[PDB]
């Protein structure tokens, strides 16, 4: 039910690490599965398909001077350190993973990009 939205968000992050970092497609497959698991666990009791923006603040993935703690923990379990994540991911990024819609913004004043929409 939350599968495809979380898959799209994870893939977006995984693609950033591939493109900017040349992180192995092999290592990134493990990372993707790891992060999928972690986000579906985090999101379980906070997903309202009828009100897609309900809980969106909670589900929101934010990166700036502080790394999102879930991304940080999962990347670390997989071989990507936090100094790496700061270097390889965009310096300010926000990712909204909601029922029927995944969107993101790079930079505070970046435009809103829709990634997944059903």
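Residue numbers count along the first chain shown, from 1.
Asker: Mean C-alpha B factor from the entry: is it higher for 30 to 38 or for 85 to 93?
Answerer: Stretch with the higher mean C-alpha B-factor: 85 to 93.
Asker: Do the CA atoms of 43 to 51 or those of 63 to 71 have the higher mean B-factor in the entry?
Answerer: Mean CA B-factor is higher for 63 to 71.
Asker: Lowest, middle or highest third: where is residue 109 by Cα B-factor in its chain?
Answerer: It falls in the top third of the chain.
Asker: Rank-wise, by C-alpha B-factor, drop residue 8 into the lowest, middle or highest third of its chain.
Answerer: Lowest third.
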